[PDB]
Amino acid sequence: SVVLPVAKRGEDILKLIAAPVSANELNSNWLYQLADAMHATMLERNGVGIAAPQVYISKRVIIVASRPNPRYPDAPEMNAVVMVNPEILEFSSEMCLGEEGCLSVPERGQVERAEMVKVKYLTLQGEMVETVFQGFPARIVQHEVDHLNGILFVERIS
């Protein structure tokens, strides 16, 4: 097992548009290990999500993993989901405000997000999934996709 260094605000890797994962990488040891290192890194830093660019990997892979922990004591439980090449298909016009932080901005803020999102993605095995999130998990999906598109949560404030 490994815990990967996390890039911080100011580093240009967080400003890129991450590249999609290729068909060759689906169901590979390489991809399972990337996802495992990400997962371990998120857990060690009490994150509730992580995106590959945060660990210097400019690829479209995120994890969404709400759980109560010291950084988010009230966060709801979910089974962690690894999403390859996620795309938000629909954002609700209805919005919610919530406090976010970021492993890459060690500073928190209050951000407006869609209350609901519908997201398409591939599993690590290559299966195409479409699914709806609400509330805090929806916020995490939006924050992590933003990371894939070179956007930090501070740029969504004001």
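Residue indices: 1-based, along the sequence shown.
Figure legend: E77 is marked as unmodelled in at least a third of the other comparable entries of the protein. Judged by the one-third criterion across other entries of this protein, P68, though modelled here, is missing from at least a third of those that model both its neighbours. According to the record, 1 to 3 deposited residues between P106 and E107 are left without atomic coordinates. Of the two segments examined, 53-61 and 129-137, it is 129-137 that shows the higher average Cα temperature factor in the deposited entry. Between the stretches 66-74 and 26-34, it is 66-74 that shows the larger average CA temperature factor. You'll see in the entry that, of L97, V119, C102, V48, the Cα B factor peaks at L97. Residue-level temperature factors show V3 in the middle third of its chain, judged at the C-alpha atom. Annotation for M83: C-alpha temperature factor in the lowest third relative to the rest of the modelled chain, per the entry. In this PDB entry, the Cα temperature factor of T41 sits in the bottom third of its chain's modelled residues, the lowest group.
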